[PDB]
Every structure is written in structure tokens, then in C-alpha cells.
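Okay, so here's the structure we're looking at.
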Amino acid sequence: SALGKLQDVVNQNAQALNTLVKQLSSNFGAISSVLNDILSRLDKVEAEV
Amino acid sequence: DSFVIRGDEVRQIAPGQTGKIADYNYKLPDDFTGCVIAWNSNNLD
């Protein structure tokens, strides 16, 4: 607990990068975040939209 | 462009379409910048 500042700077960067990785799984209103399972499933105009 | 097709086929004459006309006869670009004009001709053809 005396050394908390340095450990926290590591924790914050790990937490930021893990958040940025976890956000790859989010759908954002698309049918799935698995990008190939848009492309392999829809027609090209629907897939692009 | 000019041609004749059966009335069932007309939906294939558009950008990004799939079907035997679109795959193997006549296809419009993904950036097609134009108009499609069509009518039945049963009293003529």
C-alpha cells in the first residue's frame, strides 16, 4: 500500500487495454460482432450497411 | 442498354443483386449511377 502509485499506473493501462479488447465483442446494432458472420450470412448491400 | 426479360426477372436489374440474370447474363456495378426504365409489352412482344 506504500507503493500504490506505481501499481495503479500499471492497473489503469491494463484496464484500458482490456476495455479496448472487450469492445471488439460489442454488436453496435449489427447482427453479430463476428465480422465473417455478417459477410458469410447477408447479401453485399446489407453486409456493407 | 436495351433488352427484354420475363416479368419475374425485373428485380434482378439493380445494383448488388443475386440471381441467374445478375450472375450469368447482365449485372450493374456496386456504384451504378443511372436509372432503370421498364414496362410490360404483352400487346407487342
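All residue names refer to the C-alpha cells as shown: chains lettered A, B, ... in order, residues numbered from 1 in each chain, ligands numbered from 1 in order.
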Based on only C-alpha atoms, which of the residues in chain A come within 8 Å of chain B? I want them as a PyMOL selection string. chain A and resi 43-45
Residue contacts of residue 20 of chain B (12 Å, only C-alpha atoms) excluding same-chain residues fewer than 3 positions away, as a list in words: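 Here the qualifying residues turn out to be residues 8, 9, 10, 11, 12, 13, 17, 23, 24, 25, 26 and 27 of chain B.
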Could you take the residues named above and write them with N, CA and C atoms, as a PDB file, in the first residue's frame?
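Writing the result to part_34.pdb gives the following:
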ATOM      1  N   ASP B   8     -41.092 -11.811 -64.129  1.00  0.00           N
ATOM      2  CA  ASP B   8     -40.491 -12.332 -62.899  1.00  0.00           C
ATOM      3  C   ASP B   8     -39.032 -11.895 -62.666  1.00  0.00           C
ATOM      4  N   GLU B   9     -38.270 -11.613 -63.728  1.00  0.00           N
ATOM      5  CA  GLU B   9     -36.831 -11.342 -63.654  1.00  0.00           C
ATOM      6  C   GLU B   9     -36.455  -9.892 -63.311  1.00  0.00           C
ATOM      7  N   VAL B  10     -37.390  -8.939 -63.404  1.00  0.00           N
ATOM      8  CA  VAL B  10     -37.082  -7.492 -63.427  1.00  0.00           C
ATOM      9  C   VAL B  10     -36.343  -7.013 -62.170  1.00  0.00           C
ATOM     10  N   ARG B  11     -36.643  -7.578 -60.992  1.00  0.00           N
ATOM     11  CA  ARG B  11     -35.935  -7.255 -59.737  1.00  0.00           C
ATOM     12  C   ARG B  11     -34.427  -7.531 -59.753  1.00  0.00           C
ATOM     13  N   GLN B  12     -33.939  -8.377 -60.660  1.00  0.00           N
ATOM     14  CA  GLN B  12     -32.506  -8.648 -60.807  1.00  0.00           C
ATOM     15  C   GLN B  12     -31.756  -7.495 -61.498  1.00  0.00           C
ATOM     16  N   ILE B  13     -32.448  -6.624 -62.242  1.00  0.00           N
ATOM     17  CA  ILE B  13     -31.847  -5.479 -62.940  1.00  0.00           C
ATOM     18  C   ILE B  13     -31.671  -4.311 -61.958  1.00  0.00           C
ATOM     19  N   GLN B  17     -27.501  -7.057 -56.751  1.00  0.00           N
ATOM     20  CA  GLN B  17     -28.436  -8.189 -56.788  1.00  0.00           C
ATOM     21  C   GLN B  17     -27.753  -9.551 -56.986  1.00  0.00           C
ATOM     22  N   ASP B  23     -26.000 -13.000 -62.099  1.00  0.00           N
ATOM     23  CA  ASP B  23     -24.757 -13.766 -62.092  1.00  0.00           C
ATOM     24  C   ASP B  23     -24.239 -14.088 -63.496  1.00  0.00           C
ATOM     25  N   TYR B  24     -25.133 -14.401 -64.439  1.00  0.00           N
ATOM     26  CA  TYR B  24     -24.772 -15.076 -65.692  1.00  0.00           C
ATOM     27  C   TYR B  24     -25.346 -14.437 -66.952  1.00  0.00           C
ATOM     28  N   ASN B  25     -25.951 -13.250 -66.871  1.00  0.00           N
ATOM     29  CA  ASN B  25     -26.450 -12.565 -68.061  1.00  0.00           C
ATOM     30  C   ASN B  25     -26.184 -11.050 -68.083  1.00  0.00           C
ATOM     31  N   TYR B  26     -26.527 -10.309 -67.035  1.00  0.00           N
ATOM     32  CA  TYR B  26     -26.490  -8.843 -67.033  1.00  0.00           C
ATOM     33  C   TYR B  26     -26.397  -8.307 -65.603  1.00  0.00           C
ATOM     34  N   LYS B  27     -25.387  -7.481 -65.322  1.00  0.00           N
ATOM     35  CA  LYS B  27     -25.041  -7.037 -63.965  1.00  0.00           C
ATOM     36  C   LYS B  27     -24.736  -5.543 -63.924  1.00  0.00           C
TER      37      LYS B  27
END
Non-local contacts of residue 47 of chain A (8 Å; only C-alpha atoms; under 5 positions in same chain excluded) as a PyMOL selection string: chain A and resi 38-39+42
All alpha helix (DSSP H) residues (DSSP, backbone) inside segment 11-45 of chain A, as a VMD selection string: chain A and resid 11 to 22 36 to 39 44 to 45
Output N, CA, C and O atoms for every residue in that selection, as a CSV table (one decimal), in the first residue's frame.
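Result file is again09.csv:
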chain,number,residue,atom,x,y,z
A,11,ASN,N,-2.1,-0.8,-13.4
A,11,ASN,CA,-3.5,-1.3,-13.3
A,11,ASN,C,-4.4,-0.5,-14.3
A,11,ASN,O,-5.1,-1.1,-15.1
A,12,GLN,N,-4.3,0.9,-14.4
A,12,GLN,CA,-5.0,1.7,-15.3
A,12,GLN,C,-4.8,1.3,-16.7
A,12,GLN,O,-5.7,1.2,-17.5
A,13,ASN,N,-3.5,1.2,-17.1
A,13,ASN,CA,-3.2,0.8,-18.5
A,13,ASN,C,-3.7,-0.6,-18.9
A,13,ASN,O,-4.3,-0.7,-19.9
A,14,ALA,N,-3.5,-1.6,-18.0
A,14,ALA,CA,-4.1,-2.9,-18.2
A,14,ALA,C,-5.6,-2.8,-18.4
A,14,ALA,O,-6.2,-3.4,-19.3
A,15,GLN,N,-6.3,-2.0,-17.5
A,15,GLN,CA,-7.8,-1.9,-17.5
A,15,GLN,C,-8.2,-1.2,-18.8
A,15,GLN,O,-9.2,-1.6,-19.4
A,16,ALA,N,-7.5,-0.2,-19.3
A,16,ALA,CA,-7.8,0.5,-20.5
A,16,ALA,C,-7.7,-0.4,-21.7
A,16,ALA,O,-8.6,-0.6,-22.5
A,17,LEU,N,-6.6,-1.2,-21.9
A,17,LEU,CA,-6.3,-2.1,-22.9
A,17,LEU,C,-7.4,-3.3,-22.9
A,17,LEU,O,-7.9,-3.6,-23.9
A,18,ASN,N,-7.6,-3.8,-21.7
A,18,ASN,CA,-8.7,-4.9,-21.6
A,18,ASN,C,-10.0,-4.3,-22.1
A,18,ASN,O,-10.7,-5.0,-22.8
A,19,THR,N,-10.4,-3.1,-21.7
A,19,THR,CA,-11.6,-2.5,-22.2
A,19,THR,C,-11.6,-2.4,-23.7
A,19,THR,O,-12.6,-2.8,-24.3
A,20,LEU,N,-10.5,-1.9,-24.3
A,20,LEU,CA,-10.4,-1.8,-25.7
A,20,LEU,C,-10.5,-3.2,-26.4
A,20,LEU,O,-11.1,-3.2,-27.5
A,21,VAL,N,-10.0,-4.2,-25.8
A,21,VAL,CA,-10.2,-5.6,-26.4
A,21,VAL,C,-11.6,-6.1,-26.2
A,21,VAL,O,-12.2,-6.5,-27.2
A,22,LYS,N,-12.2,-5.9,-25.0
A,22,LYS,CA,-13.6,-6.4,-24.8
A,22,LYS,C,-14.6,-5.7,-25.7
A,22,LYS,O,-15.5,-6.4,-26.3
A,36,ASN,N,-16.9,-12.0,-40.0
A,36,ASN,CA,-17.2,-13.0,-41.0
A,36,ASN,C,-18.6,-13.5,-41.0
A,36,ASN,O,-19.1,-13.9,-42.1
A,37,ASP,N,-19.3,-13.5,-39.9
A,37,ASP,CA,-20.7,-13.9,-39.8
A,37,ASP,C,-21.7,-12.8,-40.1
A,37,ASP,O,-22.9,-13.1,-40.0
A,38,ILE,N,-21.3,-11.6,-40.4
A,38,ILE,CA,-22.0,-10.8,-41.3
A,38,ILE,C,-21.8,-11.2,-42.8
A,38,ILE,O,-22.8,-11.5,-43.5
A,39,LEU,N,-20.6,-11.2,-43.2
A,39,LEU,CA,-20.2,-11.4,-44.6
A,39,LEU,C,-20.7,-12.7,-45.2
A,39,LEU,O,-21.2,-12.7,-46.3
A,44,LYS,N,-24.4,-8.4,-50.1
A,44,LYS,CA,-23.4,-7.4,-50.0
A,44,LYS,C,-23.9,-6.0,-49.6
A,44,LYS,O,-23.2,-5.5,-48.7
A,45,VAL,N,-25.0,-5.6,-50.1
A,45,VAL,CA,-25.5,-4.2,-49.6
A,45,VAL,C,-25.9,-4.3,-48.2
A,45,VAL,O,-25.5,-3.4,-47.4
Contacts of residue 6 of chain B within 12 Å, only C-alpha atoms, excl. fewer than 6 positions in-chain, as a ChimeraX atom specification: /B:12-13,21,38-42,45
Could you please take those selected residues and save N, CA and C atoms as a PDB file, in the first residue's frame?
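New file out_28.pdb:
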ATOM      1  N   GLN B  12     -33.939  -8.377 -60.660  1.00  0.00           N
ATOM      2  CA  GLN B  12     -32.506  -8.648 -60.807  1.00  0.00           C
ATOM      3  C   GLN B  12     -31.756  -7.495 -61.498  1.00  0.00           C
ATOM      4  N   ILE B  13     -32.448  -6.624 -62.242  1.00  0.00           N
ATOM      5  CA  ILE B  13     -31.847  -5.479 -62.940  1.00  0.00           C
ATOM      6  C   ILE B  13     -31.671  -4.311 -61.958  1.00  0.00           C
ATOM      7  N   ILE B  21     -29.905 -14.094 -63.774  1.00  0.00           N
ATOM      8  CA  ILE B  21     -29.695 -12.941 -64.661  1.00  0.00           C
ATOM      9  C   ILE B  21     -28.508 -12.120 -64.153  1.00  0.00           C
ATOM     10  N   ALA B  38     -38.615   0.319 -67.231  1.00  0.00           N
ATOM     11  CA  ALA B  38     -39.191  -0.938 -67.706  1.00  0.00           C
ATOM     12  C   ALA B  38     -40.721  -0.925 -67.756  1.00  0.00           C
ATOM     13  N   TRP B  39     -41.282  -1.717 -68.668  1.00  0.00           N
ATOM     14  CA  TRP B  39     -42.723  -1.894 -68.838  1.00  0.00           C
ATOM     15  C   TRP B  39     -43.041  -3.274 -69.411  1.00  0.00           C
ATOM     16  N   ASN B  40     -44.209  -3.822 -69.071  1.00  0.00           N
ATOM     17  CA  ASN B  40     -44.714  -4.994 -69.771  1.00  0.00           C
ATOM     18  C   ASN B  40     -45.086  -4.617 -71.215  1.00  0.00           C
ATOM     19  N   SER B  41     -44.898  -5.562 -72.124  1.00  0.00           N
ATOM     20  CA  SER B  41     -45.014  -5.379 -73.575  1.00  0.00           C
ATOM     21  C   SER B  41     -45.839  -6.508 -74.200  1.00  0.00           C
ATOM     22  N   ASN B  42     -46.777  -7.066 -73.430  1.00  0.00           N
ATOM     23  CA  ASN B  42     -47.559  -8.253 -73.787  1.00  0.00           C
ATOM     24  C   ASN B  42     -48.393  -8.066 -75.068  1.00  0.00           C
ATOM     25  N   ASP B  45     -44.644  -7.710 -77.854  1.00  0.00           N
ATOM     26  CA  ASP B  45     -43.696  -8.818 -77.967  1.00  0.00           C
ATOM     27  C   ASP B  45     -44.400 -10.173 -78.103  1.00  0.00           C
TER      28      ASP B  45
END
List the neighbours of residue 35 of chain A out to 12 Å using only C-alpha atoms; skip same-chain residues closer than 5 positions along the sequence, and give me the result as a PyMOL selection string. chain A and resi 24-27+30+40-42+47-48
With N, CA, C and O atoms retained, export the selected residues as a PDB file, in the first residue's frame.
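In the end it all went to part-v4.pdb:
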ATOM      1  N   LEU A  24     -14.254  -5.150 -28.840  1.00  0.00           N
ATOM      2  CA  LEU A  24     -14.341  -5.859 -30.119  1.00  0.00           C
ATOM      3  C   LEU A  24     -15.562  -6.777 -30.194  1.00  0.00           C
ATOM      4  O   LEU A  24     -16.109  -6.969 -31.277  1.00  0.00           O
ATOM      5  N   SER A  25     -16.013  -7.311 -29.063  1.00  0.00           N
ATOM      6  CA  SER A  25     -17.154  -8.223 -28.991  1.00  0.00           C
ATOM      7  C   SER A  25     -18.513  -7.525 -29.074  1.00  0.00           C
ATOM      8  O   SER A  25     -19.517  -8.200 -29.282  1.00  0.00           O
ATOM      9  N   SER A  26     -18.590  -6.205 -28.921  1.00  0.00           N
ATOM     10  CA  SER A  26     -19.857  -5.468 -28.915  1.00  0.00           C
ATOM     11  C   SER A  26     -20.486  -5.376 -30.303  1.00  0.00           C
ATOM     12  O   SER A  26     -19.794  -5.177 -31.295  1.00  0.00           O
ATOM     13  N   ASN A  27     -21.807  -5.519 -30.391  1.00  0.00           N
ATOM     14  CA  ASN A  27     -22.520  -5.556 -31.670  1.00  0.00           C
ATOM     15  C   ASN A  27     -22.786  -4.186 -32.296  1.00  0.00           C
ATOM     16  O   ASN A  27     -22.951  -4.117 -33.505  1.00  0.00           O
ATOM     17  N   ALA A  30     -25.273  -4.092 -35.181  1.00  0.00           N
ATOM     18  CA  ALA A  30     -25.096  -5.078 -36.244  1.00  0.00           C
ATOM     19  C   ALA A  30     -25.526  -6.482 -35.795  1.00  0.00           C
ATOM     20  O   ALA A  30     -25.524  -6.793 -34.608  1.00  0.00           O
ATOM     21  N   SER A  40     -20.545 -13.770 -44.480  1.00  0.00           N
ATOM     22  CA  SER A  40     -20.981 -15.105 -44.903  1.00  0.00           C
ATOM     23  C   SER A  40     -22.496 -15.315 -44.837  1.00  0.00           C
ATOM     24  O   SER A  40     -22.988 -16.336 -45.320  1.00  0.00           O
ATOM     25  N   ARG A  41     -23.248 -14.384 -44.239  1.00  0.00           N
ATOM     26  CA  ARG A  41     -24.684 -14.538 -43.970  1.00  0.00           C
ATOM     27  C   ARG A  41     -25.571 -13.637 -44.826  1.00  0.00           C
ATOM     28  O   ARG A  41     -26.600 -14.103 -45.308  1.00  0.00           O
ATOM     29  N   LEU A  42     -25.205 -12.372 -45.020  1.00  0.00           N
ATOM     30  CA  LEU A  42     -26.032 -11.403 -45.750  1.00  0.00           C
ATOM     31  C   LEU A  42     -25.598 -11.216 -47.212  1.00  0.00           C
ATOM     32  O   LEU A  42     -24.482 -11.559 -47.599  1.00  0.00           O
ATOM     33  N   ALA A  47     -24.735  -6.448 -45.881  1.00  0.00           N
ATOM     34  CA  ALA A  47     -23.470  -6.621 -45.180  1.00  0.00           C
ATOM     35  C   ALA A  47     -22.704  -5.299 -45.040  1.00  0.00           C
ATOM     36  O   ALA A  47     -22.253  -4.982 -43.949  1.00  0.00           O
ATOM     37  N   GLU A  48     -22.594  -4.486 -46.086  1.00  0.00           N
ATOM     38  CA  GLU A  48     -21.908  -3.197 -46.004  1.00  0.00           C
ATOM     39  C   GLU A  48     -22.614  -2.232 -45.050  1.00  0.00           C
ATOM     40  O   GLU A  48     -21.961  -1.621 -44.207  1.00  0.00           O
TER      41      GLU A  48
END
Just to confirm, what's the straight-line distance from atom CA of residue 34 of chain B to atom CA of residue 2 of chain B in Å (one decimal)?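 Computed distance, atom CA of residue 34 of chain B to atom CA of residue 2 of chain B, equals 13.8 Å.
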Expressed in Å, the length from atom CA of residue 3 of chain B to atom CA of residue 29 of chain B is 17.7 Å
